[PDB]
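Chains as they are written, first to last, in the authors' numbering: chain C, 4 to 50, 61 to 200, 215 to 624, 637, 644 to 727, 743 to 775; chain J, 7 to 376.
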Amino acid sequence: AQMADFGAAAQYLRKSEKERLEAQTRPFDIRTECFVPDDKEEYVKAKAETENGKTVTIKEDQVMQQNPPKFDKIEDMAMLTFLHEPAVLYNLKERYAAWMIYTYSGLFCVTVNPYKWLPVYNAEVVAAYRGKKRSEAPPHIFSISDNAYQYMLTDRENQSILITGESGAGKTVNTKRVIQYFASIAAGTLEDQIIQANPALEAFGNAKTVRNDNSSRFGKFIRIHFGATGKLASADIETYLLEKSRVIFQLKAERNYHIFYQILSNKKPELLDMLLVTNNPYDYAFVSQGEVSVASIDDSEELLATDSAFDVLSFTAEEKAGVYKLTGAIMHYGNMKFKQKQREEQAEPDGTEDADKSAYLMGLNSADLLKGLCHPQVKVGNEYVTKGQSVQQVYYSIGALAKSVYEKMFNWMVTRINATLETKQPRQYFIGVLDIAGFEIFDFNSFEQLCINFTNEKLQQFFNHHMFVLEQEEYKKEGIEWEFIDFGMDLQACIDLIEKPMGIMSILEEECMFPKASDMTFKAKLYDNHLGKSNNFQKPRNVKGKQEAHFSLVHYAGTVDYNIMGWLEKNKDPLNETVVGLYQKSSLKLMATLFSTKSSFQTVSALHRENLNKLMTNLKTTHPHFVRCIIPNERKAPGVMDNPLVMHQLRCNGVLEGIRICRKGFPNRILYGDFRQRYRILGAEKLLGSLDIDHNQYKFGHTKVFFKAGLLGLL
Amino acid sequence: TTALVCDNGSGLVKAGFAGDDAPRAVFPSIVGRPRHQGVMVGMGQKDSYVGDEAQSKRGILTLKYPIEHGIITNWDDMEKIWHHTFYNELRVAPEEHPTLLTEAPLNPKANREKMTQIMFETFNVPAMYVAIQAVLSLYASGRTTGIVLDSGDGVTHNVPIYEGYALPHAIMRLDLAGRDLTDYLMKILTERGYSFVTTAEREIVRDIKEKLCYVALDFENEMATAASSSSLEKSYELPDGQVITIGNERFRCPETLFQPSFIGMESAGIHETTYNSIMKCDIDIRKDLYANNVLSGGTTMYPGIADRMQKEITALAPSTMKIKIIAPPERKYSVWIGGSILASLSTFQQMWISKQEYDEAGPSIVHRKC
Ligand SMILES: Nc1ncnc2c1ncn2[C@@H]1O[C@H](COP(=O)(O)OP(=O)(O)O)[C@@H](O)[C@H]1O
Numbered sequence: 004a005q006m007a008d009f010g011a012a013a014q015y016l017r018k019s020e021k022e023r024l025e026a027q028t029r030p031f032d033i034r035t036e037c038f039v040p041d042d043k044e045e046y047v048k049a050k061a062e063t064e065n066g067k068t069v070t071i072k073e074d075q076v077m078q079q080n081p082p083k084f085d086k087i088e089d090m091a092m093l094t095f096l097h098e099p100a101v102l103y104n105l106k107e108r109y110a111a112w113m114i115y116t117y118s119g120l121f122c123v124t125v126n127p128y129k130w131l132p133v134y135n136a137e138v139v140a141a142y143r144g145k146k147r148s149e150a151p152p153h154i155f156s157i158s159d160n161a162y163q164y165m166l167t168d169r170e171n172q173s174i175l176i177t178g179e180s181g182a183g184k185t186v187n188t189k190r191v192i193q194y195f196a197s198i199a200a215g216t217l218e219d220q221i222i223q224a225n226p227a228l229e230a231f232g233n234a235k236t237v238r239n240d241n242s243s244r245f246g247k248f249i250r251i252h253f254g255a256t257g258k259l260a261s262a263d264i265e266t267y268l269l270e271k272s273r274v275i276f277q278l279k280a281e282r283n284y285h286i287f288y289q290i291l292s293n294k295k296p297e298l299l300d301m302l303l304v305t306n307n308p309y310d311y312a313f314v315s316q317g318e319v320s321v322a323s324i325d326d327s328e329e330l331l332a333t334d335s336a337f338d339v340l341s342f343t344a345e346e347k348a349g350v351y352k353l354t355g356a357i358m359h360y361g362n363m364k365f366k367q368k369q370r371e372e373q374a375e376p377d378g379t380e381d382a383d384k385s386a387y388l389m390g391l392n393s394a395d396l397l398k399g400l401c402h403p404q405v406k407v408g409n410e411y412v413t414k415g416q417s418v419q420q421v422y423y424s425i426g427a428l429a430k431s432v433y434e435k436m437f438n439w440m441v442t443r444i445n446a447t448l449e450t451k452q453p454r455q456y457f458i459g460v461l462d463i464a465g466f467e468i469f470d471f472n473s474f475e476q477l478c479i480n481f482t483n484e485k486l487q488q489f490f491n492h493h494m495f496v497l498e499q500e501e502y503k504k505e506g507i508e509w510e511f512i513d514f515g516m517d518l519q520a521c522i523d524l525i526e527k528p529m530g531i532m533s534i535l536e537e538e539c540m541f542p543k544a545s546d547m548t549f550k551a552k553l554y555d556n557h558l559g560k561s562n563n564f565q566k567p568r569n570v571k572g573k574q575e576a577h578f579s580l581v582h583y584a585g586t587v588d589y590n591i592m593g594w595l596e597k598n599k600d601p602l603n604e605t606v607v608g609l610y611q612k613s614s615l616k617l618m619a620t621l622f623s624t637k644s645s646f647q648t649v650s651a652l653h654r655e656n657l658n659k660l661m662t663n664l665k666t667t668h669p670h671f672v673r674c675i676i677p678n679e680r681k682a683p684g685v686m687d688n689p690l691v692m693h694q695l696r697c698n699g700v701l702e703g704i705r706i707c708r709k710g711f712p713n714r715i716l717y718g719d720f721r722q723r724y725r726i727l743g744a745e746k747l748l749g750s751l752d753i754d755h756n757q758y759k760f761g762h763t764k765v766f767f768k769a770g771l772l773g774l775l
Numbered sequence: 007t008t009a010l011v012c013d014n015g016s017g018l019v020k021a022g023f024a025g026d027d028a029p030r031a032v033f034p035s036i037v038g039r040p041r042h043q044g045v046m047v048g049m050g051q052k053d054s055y056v057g058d059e060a061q062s063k064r065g066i067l068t069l070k071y072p073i074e075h076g077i078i079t080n081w082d083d084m085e086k087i088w089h090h091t092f093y094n095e096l097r098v099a100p101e102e103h104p105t106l107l108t109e110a111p112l113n114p115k116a117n118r119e120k121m122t123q124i125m126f127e128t129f130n131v132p133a134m135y136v137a138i139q140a141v142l143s144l145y146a147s148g149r150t151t152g153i154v155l156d157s158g159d160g161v162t163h164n165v166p167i168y169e170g171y172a173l174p175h176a177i178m179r180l181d182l183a184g185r186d187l188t189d190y191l192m193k194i195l196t197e198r199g200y201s202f203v204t205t206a207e208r209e210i211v212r213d214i215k216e217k218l219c220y221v222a223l224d225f226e227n228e229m230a231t232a233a234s235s236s237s238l239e240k241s242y243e244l245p246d247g248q249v250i251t252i253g254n255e256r257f258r259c260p261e262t263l264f265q266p267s268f269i270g271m272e273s274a275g276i277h278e279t280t281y282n283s284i285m286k287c288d289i290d291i292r293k294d295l296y297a298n299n300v301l302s303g304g305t306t307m308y309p310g311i312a313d314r315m316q317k318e319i320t321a322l323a324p325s326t327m328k329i330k331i332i333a334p335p336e337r338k339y340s341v342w343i344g345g346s347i348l349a350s351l352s353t354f355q356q357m358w359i360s361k362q363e364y365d366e367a368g369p370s371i372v373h374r375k376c
């Protein structure tokens, strides 16, 4: 009736009253149906003596009861009675079997990549979410989008859609479809415009990680603005913290950003003849520290797509040769060589060939570039004085210069994209779609993983505080007199040792400044300051046969083992202002554009923390809505999902964290009519005043009864 | 909140913010007062000019140094210089900034105690600290093992450090520096016809010394070569025209560092005090003290001082040790660079002398504990 107007999507949004009513009446026993752990499926159903094809006997306080058939396919997992990991996992799996790819978990809108075309977006018949609240329509992402729109027009606040970014595929189509729904409701199109500028940002911000083949190493915040009364306006994209330390150093089984190998694929001989570059990637130290080729993507067609995307933009013939020359110059930076002066400790160049090529590309003077790298000047008071630089310091300066040039070119490209997508009259509010890489638990974690996990700790604290506020409001509305400590800050604020000015990053910066520091001194300082005093910092359980870790943090998504070998070399970012002054006066117009705008202390961790503060400040002025896309399996098979994969994702996504949060208050919230009806079997206060069960496991207020997790499972 | 680094020095005040690469305010530590009459009514006469404002009105002022040999001898003048540094050069408010002062070793305790009392009483700084110039020079040199020869304008001293442990029984301090070389040059110039008696003329002599003087590798045959030809003659122009030409004074002035019997001192040269300070340490660390002779300060800037120091110490030390003289091109500001590095460290924010501790203890806290 109220659901039959979705057409061919009805079977994929809600099961008919027949199939639901016959699925809510299965005979299942209370004390002989539970979950037991496993090794390959990690969790299985069982009937202590248990059997599901094999027999196992485990402790009688590790079996969790299955939810009754009254909660078999619920579309809001905060309404189950037994909130544990197997329950949520198998509710996702069961809804994905009988195809229903979307499910709410408290505040999230969990999406599963179906790999199979479904008419769940098909016509306006399924775009008939226009006004239907979250509590009425089925669980679609359209409900998230339309409620963000309704909130924007009712409270006049900016809104944000924090979507999963760590997943391989299924996220880009979700962003495309959110933008398309926004274009459709408040109707060269905006969607096609945002999609046109994609290959450039891919070629310059996508890198082959080990657990991926096309990984977005930055945070893209697509903001689509709306008119005064709700008409769609232009859309600008805003990029956030970029993993710029990748331009220099790549781990094993990884690459840096694709543009290098794209140019170097010798698909267009004009570039390799103009850049004074060869075609062998093993000739340049900045591009061939990991691997130089992958078989999951061909580089020639990606290079054609990048060139054609540049041509689609307002890029002129000189503003493309400029970008290509700057990338070639960053390639030639890596293989400059300096030697210790004879009998002294000053660096002097041996071989000026790469210096010649880089200075001719960047439009500089080779002798001036070398003199500025070896003999930088400093302004002391009102005069100038030269400075000494060992070979290590000169290499640090070359690396920092390459990183700065690359990031400034990236920001310039984002600016030109924002320009070619900018046309409308003044506008009031917007809907942001934040896409950022998620939590990372590899077999070998390093500095970059620590930075990404810090960012995701911040985001999860943001979400937890948001849910704290909403729960406070929903308790005050129902008059439920029950106060509890803040969900967000008083739980994850302890794992932010990283930022407080004695934690991991502060100690790392101090070690970067201190003379003769090494990895062993850094490990010693970490242990002296944190081992035993803080309960989140712990020494790892190093097993003979696995990678050697040096410390372990208790994050929100488990405990991660970090390996500090090489953090001092990667955390240094000393900029040479003499070479920057040479840059500001370059003959190549694009370099002067990049560096148009009474220093030796710059580090990667400090810049990361500053950009993270900026991103969090942008987010905190909005009203967030969270989306969580999930990869069900690795072999693309639709319908079936692997439990270890999905459970790993469901831990890193933050869903199980929100469930742990909701499992502390009163998750099971039932109206008085439905409970007075279904559990009349012998107003509601009297009926509940006869059982032996308890008194504190429930709370009454204003036409709503509340229950703790596990009281509607006894009934 | 940032911290201030205010390396005092006896001839140049270098101030700035902890974390910067270089001091922002560098001006001569001088307080001058007008000697003459003053007849133009309404001119707007000032009581006394500090810093390099007294360097531009040098003609009518009498210049005074409130730091004689690393010891502050005029405290109101030092208060004037500190006030200038804080308000007119840095343009800050000291009540909002911890300040890291700096000092030479083996000087009276009253110096540190008065520094602390003046700061905490007349400037209301939240915290302060008084480091040693040599340790900061080592911080700035990028190493943890070495014997630093820090020679400024009031005092020359050696502080041998190994693996971050100072050997205080081997700290040697000597009381000739740039000012005594300036006086010896002023006295040695009169034998050519030029007479400088005024303090303004002392500053002129200082500039002559900074522009034309250099250290001779081998003093005797260099003196003979100067006596034979006139190829060591160079001309300097005083600030009224009236050029002067000097010959062997160029290398007779800085030779006083290695032959302090020129100015009637009984002590040894700087090379021999360095070697003695090395030979006062334990026999297991001098092999590494030999290869890390770190030079710092203004007086260590004469062209050819590194080669001469290395030749002397090599002639003194046994014929197996590798003598290395570390001479950075910016060694004039090593103390300040190291002070900013130290005040930037996170593990140091527990070492400040907080105003509350001062209120609890008294001015005697600065050396008894910190
Ligand atoms: N290029 C130079 N050659 C020789 N002496 C110099 C040179 N530059 C500065 N000086 C001397 O160094 C002194 C300043 O040294 P500095 O390290 O500032 O001492 P302080 O810290 O006590 O002021 C001045 O008196 C000056 O005579």
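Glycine included, every Cβ here is placed at the ideal spot set by N, Cα and C.
What is the rounded straight-line gap between the Cα of residue i and the Cα of residue j?
i                      : j                      : result
residue 16 of chain J  : residue 303 of chain J : 11 Å
residue 230 of chain J : residue 163 of chain J : 32 Å
residue 319 of chain J : residue 329 of chain J : 7 Å
residue 340 of chain J : residue 69 of chain J  : 27 Å
residue 506 of chain C : residue 97 of chain C  : 28 Å
residue 561 of chain C : residue 529 of chain C : 12 Å
residue 697 of chain C : residue 674 of chain C : 12 Å
residue 129 of chain C : residue 683 of chain C : 7 Å
residue 669 of chain C : residue 355 of chain J : 38 Å
Who pairs with residue i in a beta bridge, going by DSSP?
i                      : result
residue 152 of chain J : J:167
residue 243 of chain C : C:233
residue 192 of chain C : Bridge partners of residue 192 of chain C: none, in fact.
residue 367 of chain C : C:374
residue 46 of chain C  : C:40
residue 436 of chain J : No answer is possible for residue 436 of chain J: it lies beyond the span of chain J, which begins at 7 and ends at 376.
residue 67 of chain C  : Answer is none; residue 67 of chain C lacks a bridge partner.
Quiz item: For the region 673-687 of chain C, which residues have a CB atom closer than 9 Å to at least one CB atom of chain J, in sequence order?
Solution: none
Exercise. Determine which residues of the region 413-425 of chain C have a Cβ less than 7 Å from any Cβ of chain J, and write them out in chain order.
Key: 413, 414, 415
Quiz item: Listed in chain order, which residues of the region 393-409 of chain C have Cβ atoms closer than 7 Å to some Cβ of chain J?
Solution: 405, 406, 407, 408
Practice problem: Closer than 7 Å, Cβ to Cβ, to anything on chain J: give me those residues from the region 560-579 of chain C, in chain order. | Solution: none
Quiz item: What residues from the region 518-543 of chain C come within 8 Å of chain J, judged by C-beta to C-beta, listed N to C?
Solution: Taking a C-beta cut-off of 8 Å against chain J, the contacting residues of the region 518-543 of chain C are 528, 529, 533, 534, 536, 537, 540, 541, 542, 543, listed in chain order.
Self-check item: Touching by the beta-carbon criterion (3+ pairs, under 8 Å), the region 51-65 of chain J and the region 29-39 of chain J
Solution: By the Cβ rule, the region 51-65 of chain J counts as touching the region 29-39 of chain J, because three or more pairs are nearer than 8 Å.
Practice problem: Would you be able to state if there are at least three C-beta pairs under 8 Å between the region 261-269 of chain C and the region 429-449 of chain C? | Solution: yes
Practice problem: Tell me, please, whether the region 463-479 of chain C touches the region 169-183 of chain C by the rule of three or more beta-carbon pairs shorter than 8 Å. | Solution: yes
Quiz item: Hey, which unbroken runs of the alpha helix (DSSP H) at 4 residues or more fall wholly within the region 45-132 of chain J?
Solution: 59-62, 81-90, 115-124
Quiz prompt | Complete beta strand (DSSP E) runs within the region 241-317 of chain J (minimum length 3 residues, chain order) | solution = Secondary structure remark: continuous beta strand (DSSP E) runs of at least 3 residues inside the region 241-317 of chain J, in chain order: 249-252, 299-302.
Self-check item: Residues in the region 11-39 of chain J having any Cβ partner in chain C nearer than 7 Å
Solution: For the region 11-39 of chain J, the beta-carbon criterion of a distance under 7 Å to any beta-carbon of chain C is satisfied by 25, 27, 28, 29, 30, 31, 32.
Quiz prompt | chain C contacts from the region 337-370 of chain J (Cβ-Cβ distance under 8 Å) | solution = 338, 339, 347, 350, 351, 352, 353, 355
Self-check item: Completely contained beta strand (DSSP E) runs for the region 251-321 of chain C, where each covers 3 or more residues
Solution: 259-267
Exercise. Count the CB pairs spanning the region 173-189 of chain J and the region 240-248 of chain J that are closer than 8 Å, and state whether there are at least three.
Key: Contact fails between the region 173-189 of chain J and the region 240-248 of chain J, because fewer than three Cβ pairs, one in each stretch, are under 8 Å apart.
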